[PDB]
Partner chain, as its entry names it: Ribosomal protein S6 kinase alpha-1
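Okay, here we've got a single chain as structure tokens, the form solved without its partner chain, with questions on binding and movement later.
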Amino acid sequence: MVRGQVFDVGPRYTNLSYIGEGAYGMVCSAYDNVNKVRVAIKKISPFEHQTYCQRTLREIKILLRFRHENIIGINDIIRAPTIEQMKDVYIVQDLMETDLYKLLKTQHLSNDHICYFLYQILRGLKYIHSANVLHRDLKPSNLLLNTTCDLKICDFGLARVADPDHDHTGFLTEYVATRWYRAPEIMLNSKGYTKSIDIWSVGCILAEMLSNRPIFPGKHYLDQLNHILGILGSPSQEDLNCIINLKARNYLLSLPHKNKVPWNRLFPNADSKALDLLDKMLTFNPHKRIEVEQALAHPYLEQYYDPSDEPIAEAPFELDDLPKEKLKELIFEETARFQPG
């Protein structure tokens, strides 16, 4: 029991402390009596809802398949021994001192810290993209950090397999990513099924590391594009011609001309190489946006870049029509390897 509710992690995990509430529910630290270290445990209660089943299953499947130093692992999964008795699932992960959201609320980052954090983000993202997966919700709170500034990407509940042939859609229809980290094309003509969607989010995170403030702090869904265009300025004729959908194109054409705000005026103390990479990640046109391997090779990251130590997935990667009964059964099968049974 923690703060009124059951938090039932068997005798293996004891001495619980509340960490906080996340996008799944309660998160605690606990002492792992087998490995003799404190661990993080998140309690998930998805089974009444098909969407929460979908996201819980996506995450478990992805994180059990992935193995990478900059991607949070699953150490253990606790649930009841039978489907009938299973109401909650607990996922045990490495304990990490903080996250980049909490860190940016109170700490100025040195240029060497921004450089190292950005390197680790892209190194992890390289592996994710190499598996043909899109994270689709990269943001500071999904970047865990320990006391020696090792970084691990978490939350794969909103991830998808990339599908660029089916990316196109209409105007003001799509809802991918968290608002401040959402690429302009999401509001214009994209379902968020290409790798470029994650690179935009990384760009936003880089900008936020430079000033401790979100770069495009849209106050609601419709406001987000105002902030993006307010800094990038009006898209070029070529970039507009890439938007074939008329509602999206004519919306952009209806706007008064806006000049680009130079990065060096917004970030007068930033490393000029960091601003060059920032510009390339926050490119309006997703086809011209830098890719993860290009980003790693950028002069800003030259102290760290080493492609032989930037591994790829061995094994690159249909839940929407599945009823929740079947997704419970799939979660039960996927978590069976952690049972004493």
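Think of the rigid core as the biggest set of C-alphas that the two forms share within 1.5 Å after superposition. Residue numbers count along the first chain shown, from 1.
The form deposited with its partner chain bound is left out here; the points below concern that form.
Using a 4.5 Å heavy atom cutoff, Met26, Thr148 and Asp306 all lie near its partner chain in the deposited complex. Between 185-193, 232-240, 153-161, 198-206, the stretch whose residues reach within 4.5 angstroms of its partner chain in the deposited complex through a non-hydrogen atom is 185-193.
Between the options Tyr90, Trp263, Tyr119, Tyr127, the residue in contact with its partner chain in the deposited complex by a heavy atom within 4.5 angstroms is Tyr119.
Its partner chain in the deposited complex comes within 4.5 Å of no heavy atom belonging to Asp94. Not displayed here, its partner chain is approached by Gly22 to within 4.5 Å at the level of heavy atoms in the deposited complex. When its partner chain is considered in the deposited complex, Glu293 lies well away from it, no heavy atom lying within 4.5 Å. Although the partner is absent from this view, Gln107 contacts its partner chain in the deposited complex, with a non-hydrogen atom inside 4.5 angstroms. Interface residues of 69-98, taken as those with a heavy atom within 4.5 Å of its partner chain in the deposited complex (partner not displayed): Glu69, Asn70, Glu97, in sequence order. Taking the core as reference between this form and the one not shown, the lone member of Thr194, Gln120, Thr178, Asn75 whose Cα moves by 2 Å or more is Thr178. Relative to this form, the distance between the C-alpha atoms of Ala177 and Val39 is reduced by at least 3 angstroms in the deposited complex. Shown here is a form in which the CA atoms of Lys152 and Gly192 lie at least 3 Å closer together than they do in the deposited complex.
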